[PDB]
>>> print(open('my_file-v2.pdb').read())   # PDB, C-alpha atoms (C1' of nucleotides)
ATOM      1  CA  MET A   1      -3.951 -47.217  -2.176  1.00  0.00           C
ATOM      2  CA  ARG A   2      -7.695 -47.707  -2.000  1.00  0.00           C
ATOM      3  CA  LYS A   3      -6.378 -50.919  -0.406  1.00  0.00           C
ATOM      4  CA  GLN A   4      -4.990 -48.770   2.349  1.00  0.00           C
ATOM      5  CA  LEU A   5      -8.544 -47.384   2.570  1.00  0.00           C
ATOM      6  CA  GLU A   6      -9.207 -50.995   3.461  1.00  0.00           C
ATOM      7  CA  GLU A   7      -6.539 -51.590   6.184  1.00  0.00           C
ATOM      8  CA  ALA A   8      -8.015 -48.434   7.525  1.00  0.00           C
ATOM      9  CA  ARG A   9     -11.423 -49.889   7.626  1.00  0.00           C
ATOM     10  CA  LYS A  10      -9.636 -52.703   9.556  1.00  0.00           C
ATOM     11  CA  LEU A  11      -7.828 -51.197  12.571  1.00  0.00           C
ATOM     12  CA  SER A  12      -9.269 -49.421  15.707  1.00  0.00           C
ATOM     13  CA  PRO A  13      -8.251 -47.683  19.050  1.00  0.00           C
ATOM     14  CA  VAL A  14      -4.585 -48.020  20.050  1.00  0.00           C
ATOM     15  CA  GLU A  15      -4.176 -49.577  16.602  1.00  0.00           C
ATOM     16  CA  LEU A  16      -4.930 -46.670  14.313  1.00  0.00           C
ATOM     17  CA  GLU A  17      -3.317 -44.753  17.137  1.00  0.00           C
ATOM     18  CA  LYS A  18       0.221 -46.036  16.866  1.00  0.00           C
ATOM     19  CA  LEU A  19      -0.325 -46.742  13.135  1.00  0.00           C
ATOM     20  CA  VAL A  20      -0.774 -43.142  12.189  1.00  0.00           C
ATOM     21  CA  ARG A  21       1.757 -42.158  14.826  1.00  0.00           C
ATOM     22  CA  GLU A  22       4.545 -44.392  13.481  1.00  0.00           C
ATOM     23  CA  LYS A  23       3.620 -43.659   9.897  1.00  0.00           C
ATOM     24  CA  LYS A  24       3.799 -39.979  10.807  1.00  0.00           C
ATOM     25  CA  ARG A  25       7.274 -40.599  12.194  1.00  0.00           C
ATOM     26  CA  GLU A  26       7.966 -42.175   8.744  1.00  0.00           C
ATOM     27  CA  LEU A  27       7.090 -38.939   7.008  1.00  0.00           C
ATOM     28  CA  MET A  28       9.370 -37.289   9.564  1.00  0.00           C
ATOM     29  CA  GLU A  29      12.020 -39.547   8.081  1.00  0.00           C
ATOM     30  CA  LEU A  30      11.067 -37.762   4.885  1.00  0.00           C
ATOM     31  CA  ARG A  31      11.457 -34.303   6.488  1.00  0.00           C
ATOM     32  CA  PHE A  32      14.961 -35.459   7.304  1.00  0.00           C
ATOM     33  CA  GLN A  33      15.417 -36.538   3.715  1.00  0.00           C
ATOM     34  CA  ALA A  34      14.933 -32.904   2.681  1.00  0.00           C
ATOM     35  CA  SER A  35      18.429 -32.987   1.092  1.00  0.00           C
ATOM     36  CA  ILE A  36      19.352 -36.651   0.323  1.00  0.00           C
ATOM     37  CA  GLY A  37      17.597 -39.184  -1.946  1.00  0.00           C
ATOM     38  CA  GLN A  38      14.918 -36.662  -2.866  1.00  0.00           C
ATOM     39  CA  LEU A  39      14.067 -37.453  -6.489  1.00  0.00           C
ATOM     40  CA  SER A  40      11.890 -40.606  -6.085  1.00  0.00           C
ATOM     41  CA  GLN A  41      11.061 -39.369  -2.570  1.00  0.00           C
ATOM     42  CA  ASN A  42       8.655 -36.702  -3.797  1.00  0.00           C
ATOM     43  CA  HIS A  43       5.792 -39.106  -3.513  1.00  0.00           C
ATOM     44  CA  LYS A  44       6.700 -40.553  -0.144  1.00  0.00           C
ATOM     45  CA  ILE A  45       6.084 -37.003   0.964  1.00  0.00           C
ATOM     46  CA  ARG A  46       2.865 -36.004  -0.827  1.00  0.00           C
ATOM     47  CA  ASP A  47       1.169 -39.345  -0.729  1.00  0.00           C
ATOM     48  CA  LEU A  48       2.385 -40.318   2.740  1.00  0.00           C
ATOM     49  CA  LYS A  49       0.838 -37.119   3.980  1.00  0.00           C
ATOM     50  CA  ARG A  50      -2.429 -37.874   2.165  1.00  0.00           C
ATOM     51  CA  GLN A  51      -2.291 -41.371   3.741  1.00  0.00           C
ATOM     52  CA  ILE A  52      -1.842 -40.339   7.342  1.00  0.00           C
ATOM     53  CA  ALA A  53      -4.508 -37.713   6.632  1.00  0.00           C
ATOM     54  CA  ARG A  54      -6.829 -40.560   5.841  1.00  0.00           C
ATOM     55  CA  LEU A  55      -5.665 -42.215   9.124  1.00  0.00           C
ATOM     56  CA  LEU A  56      -7.144 -39.259  10.870  1.00  0.00           C
ATOM     57  CA  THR A  57     -10.305 -39.122   8.693  1.00  0.00           C
ATOM     58  CA  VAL A  58     -10.899 -42.604  10.025  1.00  0.00           C
ATOM     59  CA  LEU A  59     -10.115 -42.207  13.673  1.00  0.00           C
ATOM     60  CA  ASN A  60     -12.691 -39.478  13.373  1.00  0.00           C
ATOM     61  CA  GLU A  61     -15.193 -41.673  11.669  1.00  0.00           C
ATOM     62  CA  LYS A  62     -14.829 -44.471  14.305  1.00  0.00           C
ATOM     63  CA  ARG A  63     -14.569 -42.799  17.644  1.00  0.00           C
ATOM     64  CA  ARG A  64     -17.029 -40.210  16.312  1.00  0.00           C
ATOM     65  CA  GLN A  65     -19.451 -43.066  15.695  1.00  0.00           C
ATOM     66  CA  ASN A  66     -18.684 -43.767  19.354  1.00  0.00           C
ATOM     67  CA  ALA A  67     -19.262 -40.438  21.115  1.00  0.00           C
TER      68      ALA A  67
ATOM     69  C1'   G B   1      50.590  41.841 -75.035  1.00  0.00           C
ATOM     70  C1'   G B   2      51.902  44.995 -70.839  1.00  0.00           C
ATOM     71  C1'   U B   3      51.275  49.232 -67.395  1.00  0.00           C
ATOM     72  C1'   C B   4      47.512  52.749 -64.960  1.00  0.00           C
ATOM     73  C1'   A B   5      42.500  55.737 -64.254  1.00  0.00           C
ATOM     74  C1'   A B   6      37.369  54.649 -64.341  1.00  0.00           C
ATOM     75  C1'   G B   7      32.712  51.780 -64.068  1.00  0.00           C
ATOM     76  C1'   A B   8      29.662  47.516 -63.266  1.00  0.00           C
ATOM     77  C1'   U B   9      28.783  43.087 -61.413  1.00  0.00           C
ATOM     78  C1'   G B  10      30.467  37.289 -58.741  1.00  0.00           C
ATOM     79  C1'   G B  11      31.168  33.235 -56.055  1.00  0.00           C
ATOM     80  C1'   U B  12      32.951  32.438 -51.450  1.00  0.00           C
ATOM     81  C1'   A B  13      28.470  30.146 -44.490  1.00  0.00           C
ATOM     82  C1'   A B  14      29.971  29.779 -38.537  1.00  0.00           C
ATOM     83  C1'   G B  15      24.567  29.446 -38.282  1.00  0.00           C
ATOM     84  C1'   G B  16      19.868  30.614 -39.700  1.00  0.00           C
ATOM     85  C1'   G B  17      14.945  30.878 -42.936  1.00  0.00           C
ATOM     86  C1'   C B  18      10.729  28.032 -46.638  1.00  0.00           C
ATOM     87  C1'   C B  19      10.709  23.243 -49.349  1.00  0.00           C
ATOM     88  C1'   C B  20      11.821  17.330 -49.974  1.00  0.00           C
ATOM     89  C1'   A B  21      13.879  12.777 -48.418  1.00  0.00           C
ATOM     90  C1'   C B  22      15.022   9.661 -44.583  1.00  0.00           C
ATOM     91  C1'   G B  23      15.164   8.511 -38.735  1.00  0.00           C
ATOM     92  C1'   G B  24      14.326   9.000 -33.337  1.00  0.00           C
ATOM     93  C1'   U B  25      11.669  10.166 -28.767  1.00  0.00           C
ATOM     94  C1'   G B  26       5.555  10.801 -28.023  1.00  0.00           C
ATOM     95  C1'   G B  27       1.253   7.901 -28.338  1.00  0.00           C
ATOM     96  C1'   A B  28      -3.158   9.809 -31.092  1.00  0.00           C
ATOM     97  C1'   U B  29      -5.477   5.589 -32.140  1.00  0.00           C
ATOM     98  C1'   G B  30      -8.868   1.995 -36.105  1.00  0.00           C
ATOM     99  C1'   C B  31     -10.205  -1.943 -34.370  1.00  0.00           C
ATOM    100  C1'   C B  32     -10.240  -5.440 -30.615  1.00  0.00           C
ATOM    101  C1'   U B  33     -11.494  -7.975 -25.448  1.00  0.00           C
ATOM    102  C1'   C B  34     -12.211 -13.244 -19.955  1.00  0.00           C
ATOM    103  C1'   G B  35     -14.518  -5.334 -17.837  1.00  0.00           C
ATOM    104  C1'   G B  36     -18.155  -2.026 -16.747  1.00  0.00           C
ATOM    105  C1'   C B  37     -22.906   0.085 -16.881  1.00  0.00           C
ATOM    106  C1'   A B  38     -28.602  -0.142 -17.824  1.00  0.00           C
ATOM    107  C1'   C B  39     -33.372  -2.950 -17.650  1.00  0.00           C
ATOM    108  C1'   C B  40     -35.971  -6.911 -16.857  1.00  0.00           C
ATOM    109  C1'   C B  41     -36.594 -12.213 -14.331  1.00  0.00           C
ATOM    110  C1'   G B  42     -34.322 -15.337 -11.171  1.00  0.00           C
ATOM    111  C1'   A B  43     -32.653 -15.059  -6.039  1.00  0.00           C
ATOM    112  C1'   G B  44     -32.853 -12.921  -0.615  1.00  0.00           C
ATOM    113  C1'   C B  45     -30.997 -14.269   4.818  1.00  0.00           C
ATOM    114  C1'   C B  46     -25.019 -15.075   7.873  1.00  0.00           C
ATOM    115  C1'   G B  47     -23.651 -15.993  13.288  1.00  0.00           C
ATOM    116  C1'   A B  48     -21.164 -18.983  18.565  1.00  0.00           C
ATOM    117  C1'   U B  49     -21.828 -26.814  15.280  1.00  0.00           C
ATOM    118  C1'   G B  50     -17.844 -18.979  17.987  1.00  0.00           C
ATOM    119  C1'   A B  51     -20.103 -16.232  11.193  1.00  0.00           C
ATOM    120  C1'   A B  52     -19.351 -12.139   8.096  1.00  0.00           C
ATOM    121  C1'   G B  53     -14.127 -10.461   8.241  1.00  0.00           C
ATOM    122  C1'   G B  54      -8.686 -11.128   8.703  1.00  0.00           C
ATOM    123  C1'   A B  55      -3.347 -12.549  11.266  1.00  0.00           C
ATOM    124  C1'   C B  56       0.584 -16.334  10.814  1.00  0.00           C
ATOM    125  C1'   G B  57       0.803 -21.459   7.634  1.00  0.00           C
ATOM    126  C1'   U B  58       1.284 -25.714   3.334  1.00  0.00           C
ATOM    127  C1'   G B  59       2.098 -27.068  -1.528  1.00  0.00           C
ATOM    128  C1'   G B  60       9.880 -31.723  -3.274  1.00  0.00           C
ATOM    129  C1'   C B  61      12.128 -27.394  -4.873  1.00  0.00           C
ATOM    130  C1'   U B  62       7.761 -21.488  -4.194  1.00  0.00           C
ATOM    131  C1'   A B  63       7.967 -13.664  -2.338  1.00  0.00           C
ATOM    132  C1'   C B  64       3.549 -13.881  -5.059  1.00  0.00           C
ATOM    133  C1'   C B  65      -2.439 -14.629  -7.348  1.00  0.00           C
ATOM    134  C1'   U B  66      -5.366 -19.980  -5.488  1.00  0.00           C
ATOM    135  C1'   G B  67      -7.336 -23.323  -2.325  1.00  0.00           C
ATOM    136  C1'   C B  68      -7.058 -25.475   2.090  1.00  0.00           C
ATOM    137  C1'   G B  69      -4.849 -25.061   7.663  1.00  0.00           C
ATOM    138  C1'   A B  70      -1.620 -28.507  11.369  1.00  0.00           C
ATOM    139  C1'   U B  71      -4.770 -34.646   8.734  1.00  0.00           C
ATOM    140  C1'   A B  72      -3.281 -27.302   4.748  1.00  0.00           C
ATOM    141  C1'   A B  73      -1.348 -28.422  -4.938  1.00  0.00           C
ATOM    142  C1'   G B  74      -6.116 -30.940   0.093  1.00  0.00           C
ATOM    143  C1'   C B  75      -8.625 -37.189   3.582  1.00  0.00           C
ATOM    144  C1'   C B  76     -14.308 -39.356   3.395  1.00  0.00           C
ATOM    145  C1'   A B  77     -18.761 -41.012   1.474  1.00  0.00           C
ATOM    146  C1'   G B  78     -22.525 -40.772  -2.123  1.00  0.00           C
ATOM    147  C1'   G B  79     -24.302 -38.029  -6.793  1.00  0.00           C
ATOM    148  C1'   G B  80     -21.790 -36.876 -12.071  1.00  0.00           C
ATOM    149  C1'   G B  81     -17.727 -38.630 -16.091  1.00  0.00           C
TER     150        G B  81
END
>>> encode(input="my_file-v2.pdb", output="structure tokens")
Amino acid sequence: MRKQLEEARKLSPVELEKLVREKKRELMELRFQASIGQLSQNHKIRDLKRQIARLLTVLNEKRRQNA
RNA sequence: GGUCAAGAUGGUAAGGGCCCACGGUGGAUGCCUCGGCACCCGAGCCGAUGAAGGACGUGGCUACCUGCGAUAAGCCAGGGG
């Protein structure tokens, strides 16, 4: 989702904040899943993690730019 | 053909001995390497932006060899293909 790279570019303080937070929760959802759907899940897990990771890469970039 | 006195030699293995055949355990080993070792050139500083060096982690499903460490089979940007 290079596109997601984009949204990223887009948001800022409280934004990225709750974005990555909620998303994170999402992956939690996954954690839960650890014994249900599973099969097509796989990716929600790996990628989702990579995604939120990005989320952080950004926050860093932005507020870093700041202070 | 039968009886007796005499003499001389024969095969008969439980196992074993030399030989031949055919196995088994044992790895010599001929060769063969992502491994050393030797010389020469290249190279020569790491650390509190808490390093060298490790403890416990993560890989959907992993004790372990791996790479990261809590953003953890990795996110970012540019160089390469």
>>> residues_around(input="my_file-v2.pdb", residues="residue A:34", least_positions_apart="4", cutoff="10 Å", atoms="all atoms listed in the file", output="list in words")
residues 28, 29, 30, 38, 41, 42 and 45 of chain A; 60 and 61 of chain B
>>> atom_distance(input="my_file-v2.pdb", atom1="atom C1' of residue B:35", atom2="atom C1' of residue B:67")
24.8 Å
>>> closest_atom_pairs(input="my_file-v2.pdb", of="chain B", to="chain A", cutoff="12 Å", atoms="only C-alpha atoms (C1' of nucleotides)", output="tab-separated table")
residue	atom	partner	partner_atom	distance
B:58	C1'	A:46	CA	11.2
B:59	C1'	A:46	CA	9.0
B:60	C1'	A:42	CA	5.2
B:61	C1'	A:34	CA	9.8
B:70	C1'	A:53	CA	10.7
B:71	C1'	A:53	CA	3.7
B:72	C1'	A:53	CA	10.7
B:73	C1'	A:46	CA	9.6
B:74	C1'	A:50	CA	8.1
B:75	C1'	A:54	CA	4.4
B:76	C1'	A:57	CA	6.6
B:77	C1'	A:61	CA	10.8
>>> atom_distance(input="my_file-v2.pdb", atom1="atom CA of residue A:21", atom2="atom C1' of residue B:62")
28.7 Å
>>> atom_distance(input="my_file-v2.pdb", atom1="atom CA of residue A:9", atom2="atom CA of residue A:64")
14.2 Å
>>> residues_around(input="my_file-v2.pdb", residues="residue A:59", least_positions_apart="4", cutoff="10 Å", atoms="only C-alpha atoms (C1' of nucleotides)", output="JSON, numbers by chain")
{"A": [8, 9, 11, 12, 13, 15, 16, 17, 20, 54, 55, 63, 64, 65]}
>>> axis_aligned_box(input="my_file-v2.pdb", around="stretch 44-55 of chain A", padding_each_side="8 Å", output="lines of an AutoDock Vina configuration file")
center_x = -0.1
center_y = -39.1
center_z = 4.1
size_x = 29.5
size_y = 22.2
size_z = 26.0
>>> build_atoms(input="my_file-v2.pdb", residues="stretch 17-51 of chain A", atoms="N, CA and C atoms", output="PDB file, in the frame of the given file")
ATOM      1  N   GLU A  17      -4.173 -45.634  16.356  1.00  0.00           N
ATOM      2  CA  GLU A  17      -3.317 -44.753  17.137  1.00  0.00           C
ATOM      3  C   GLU A  17      -1.859 -44.850  16.714  1.00  0.00           C
ATOM      4  N   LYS A  18      -1.180 -45.882  17.192  1.00  0.00           N
ATOM      5  CA  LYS A  18       0.221 -46.036  16.866  1.00  0.00           C
ATOM      6  C   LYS A  18       0.464 -46.168  15.364  1.00  0.00           C
ATOM      7  N   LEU A  19      -0.518 -46.630  14.590  1.00  0.00           N
ATOM      8  CA  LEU A  19      -0.325 -46.742  13.135  1.00  0.00           C
ATOM      9  C   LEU A  19      -0.005 -45.397  12.535  1.00  0.00           C
ATOM     10  N   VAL A  20      -0.938 -44.473  12.713  1.00  0.00           N
ATOM     11  CA  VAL A  20      -0.774 -43.142  12.189  1.00  0.00           C
ATOM     12  C   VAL A  20       0.413 -42.514  12.878  1.00  0.00           C
ATOM     13  N   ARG A  21       0.596 -42.749  14.170  1.00  0.00           N
ATOM     14  CA  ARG A  21       1.757 -42.158  14.826  1.00  0.00           C
ATOM     15  C   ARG A  21       3.076 -42.555  14.146  1.00  0.00           C
ATOM     16  N   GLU A  22       3.346 -43.848  14.079  1.00  0.00           N
ATOM     17  CA  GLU A  22       4.545 -44.392  13.481  1.00  0.00           C
ATOM     18  C   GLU A  22       4.682 -43.938  12.063  1.00  0.00           C
ATOM     19  N   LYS A  23       3.619 -44.093  11.289  1.00  0.00           N
ATOM     20  CA  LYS A  23       3.620 -43.659   9.897  1.00  0.00           C
ATOM     21  C   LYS A  23       4.089 -42.199   9.843  1.00  0.00           C
ATOM     22  N   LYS A  24       3.474 -41.383  10.687  1.00  0.00           N
ATOM     23  CA  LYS A  24       3.799 -39.979  10.807  1.00  0.00           C
ATOM     24  C   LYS A  24       5.309 -39.894  10.965  1.00  0.00           C
ATOM     25  N   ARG A  25       5.840 -40.565  11.979  1.00  0.00           N
ATOM     26  CA  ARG A  25       7.274 -40.599  12.194  1.00  0.00           C
ATOM     27  C   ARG A  25       7.949 -40.826  10.824  1.00  0.00           C
ATOM     28  N   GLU A  26       7.494 -41.837  10.092  1.00  0.00           N
ATOM     29  CA  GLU A  26       7.966 -42.175   8.744  1.00  0.00           C
ATOM     30  C   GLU A  26       8.110 -40.870   7.929  1.00  0.00           C
ATOM     31  N   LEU A  27       6.998 -40.172   7.752  1.00  0.00           N
ATOM     32  CA  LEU A  27       7.090 -38.939   7.008  1.00  0.00           C
ATOM     33  C   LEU A  27       8.152 -38.040   7.621  1.00  0.00           C
ATOM     34  N   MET A  28       8.307 -38.072   8.942  1.00  0.00           N
ATOM     35  CA  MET A  28       9.370 -37.289   9.564  1.00  0.00           C
ATOM     36  C   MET A  28      10.602 -37.683   8.782  1.00  0.00           C
ATOM     37  N   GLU A  29      10.886 -38.985   8.787  1.00  0.00           N
ATOM     38  CA  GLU A  29      12.020 -39.547   8.081  1.00  0.00           C
ATOM     39  C   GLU A  29      12.133 -38.682   6.852  1.00  0.00           C
ATOM     40  N   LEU A  30      11.044 -38.600   6.093  1.00  0.00           N
ATOM     41  CA  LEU A  30      11.067 -37.762   4.885  1.00  0.00           C
ATOM     42  C   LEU A  30      11.695 -36.365   5.178  1.00  0.00           C
ATOM     43  N   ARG A  31      11.030 -35.633   6.069  1.00  0.00           N
ATOM     44  CA  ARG A  31      11.457 -34.303   6.488  1.00  0.00           C
ATOM     45  C   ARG A  31      12.974 -34.309   6.493  1.00  0.00           C
ATOM     46  N   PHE A  32      13.523 -35.292   7.196  1.00  0.00           N
ATOM     47  CA  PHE A  32      14.961 -35.459   7.304  1.00  0.00           C
ATOM     48  C   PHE A  32      15.488 -35.454   5.873  1.00  0.00           C
ATOM     49  N   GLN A  33      15.007 -36.408   5.094  1.00  0.00           N
ATOM     50  CA  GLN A  33      15.417 -36.538   3.715  1.00  0.00           C
ATOM     51  C   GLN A  33      15.533 -35.243   2.959  1.00  0.00           C
ATOM     52  N   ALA A  34      14.799 -34.214   3.349  1.00  0.00           N
ATOM     53  CA  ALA A  34      14.933 -32.904   2.681  1.00  0.00           C
ATOM     54  C   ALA A  34      16.315 -32.440   2.165  1.00  0.00           C
ATOM     55  N   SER A  35      17.117 -33.344   1.616  1.00  0.00           N
ATOM     56  CA  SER A  35      18.429 -32.987   1.092  1.00  0.00           C
ATOM     57  C   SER A  35      19.307 -34.181   0.703  1.00  0.00           C
ATOM     58  N   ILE A  36      18.710 -35.376   0.672  1.00  0.00           N
ATOM     59  CA  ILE A  36      19.352 -36.651   0.323  1.00  0.00           C
ATOM     60  C   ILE A  36      18.787 -37.326  -0.941  1.00  0.00           C
ATOM     61  N   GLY A  37      18.156 -38.491  -0.794  1.00  0.00           N
ATOM     62  CA  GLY A  37      17.597 -39.184  -1.946  1.00  0.00           C
ATOM     63  C   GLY A  37      16.859 -38.161  -2.776  1.00  0.00           C
ATOM     64  N   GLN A  38      15.719 -37.717  -2.253  1.00  0.00           N
ATOM     65  CA  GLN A  38      14.918 -36.662  -2.866  1.00  0.00           C
ATOM     66  C   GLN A  38      14.018 -36.961  -4.082  1.00  0.00           C
ATOM     67  N   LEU A  39      14.691 -37.190  -5.204  1.00  0.00           N
ATOM     68  CA  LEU A  39      14.067 -37.453  -6.489  1.00  0.00           C
ATOM     69  C   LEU A  39      12.849 -38.379  -6.476  1.00  0.00           C
ATOM     70  N   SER A  40      13.024 -39.660  -6.138  1.00  0.00           N
ATOM     71  CA  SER A  40      11.890 -40.606  -6.085  1.00  0.00           C
ATOM     72  C   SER A  40      11.089 -40.423  -4.783  1.00  0.00           C
ATOM     73  N   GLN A  41      11.680 -39.668  -3.854  1.00  0.00           N
ATOM     74  CA  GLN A  41      11.061 -39.369  -2.570  1.00  0.00           C
ATOM     75  C   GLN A  41       9.768 -38.664  -2.876  1.00  0.00           C
ATOM     76  N   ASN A  42       9.866 -37.463  -3.442  1.00  0.00           N
ATOM     77  CA  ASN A  42       8.655 -36.702  -3.797  1.00  0.00           C
ATOM     78  C   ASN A  42       7.367 -37.297  -3.200  1.00  0.00           C
ATOM     79  N   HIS A  43       6.989 -38.386  -3.841  1.00  0.00           N
ATOM     80  CA  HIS A  43       5.792 -39.106  -3.513  1.00  0.00           C
ATOM     81  C   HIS A  43       5.680 -39.603  -2.108  1.00  0.00           C
ATOM     82  N   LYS A  44       6.775 -40.079  -1.521  1.00  0.00           N
ATOM     83  CA  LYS A  44       6.700 -40.553  -0.144  1.00  0.00           C
ATOM     84  C   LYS A  44       6.090 -39.398   0.619  1.00  0.00           C
ATOM     85  N   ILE A  45       6.578 -38.203   0.324  1.00  0.00           N
ATOM     86  CA  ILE A  45       6.084 -37.003   0.964  1.00  0.00           C
ATOM     87  C   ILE A  45       4.596 -36.733   0.689  1.00  0.00           C
ATOM     88  N   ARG A  46       4.263 -36.360  -0.547  1.00  0.00           N
ATOM     89  CA  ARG A  46       2.865 -36.004  -0.827  1.00  0.00           C
ATOM     90  C   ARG A  46       1.845 -37.072  -0.441  1.00  0.00           C
ATOM     91  N   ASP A  47       2.080 -38.264  -0.951  1.00  0.00           N
ATOM     92  CA  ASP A  47       1.169 -39.345  -0.729  1.00  0.00           C
ATOM     93  C   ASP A  47       1.146 -39.669   0.736  1.00  0.00           C
ATOM     94  N   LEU A  48       2.299 -39.953   1.329  1.00  0.00           N
ATOM     95  CA  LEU A  48       2.385 -40.318   2.740  1.00  0.00           C
ATOM     96  C   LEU A  48       1.538 -39.383   3.572  1.00  0.00           C
ATOM     97  N   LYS A  49       1.654 -38.090   3.271  1.00  0.00           N
ATOM     98  CA  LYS A  49       0.838 -37.119   3.980  1.00  0.00           C
ATOM     99  C   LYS A  49      -0.627 -37.448   3.734  1.00  0.00           C
ATOM    100  N   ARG A  50      -1.030 -37.549   2.469  1.00  0.00           N
ATOM    101  CA  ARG A  50      -2.429 -37.874   2.165  1.00  0.00           C
ATOM    102  C   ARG A  50      -2.921 -39.101   2.969  1.00  0.00           C
ATOM    103  N   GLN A  51      -2.073 -40.121   3.025  1.00  0.00           N
ATOM    104  CA  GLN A  51      -2.291 -41.371   3.741  1.00  0.00           C
ATOM    105  C   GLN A  51      -2.616 -41.104   5.198  1.00  0.00           C
TER     106      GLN A  51
END
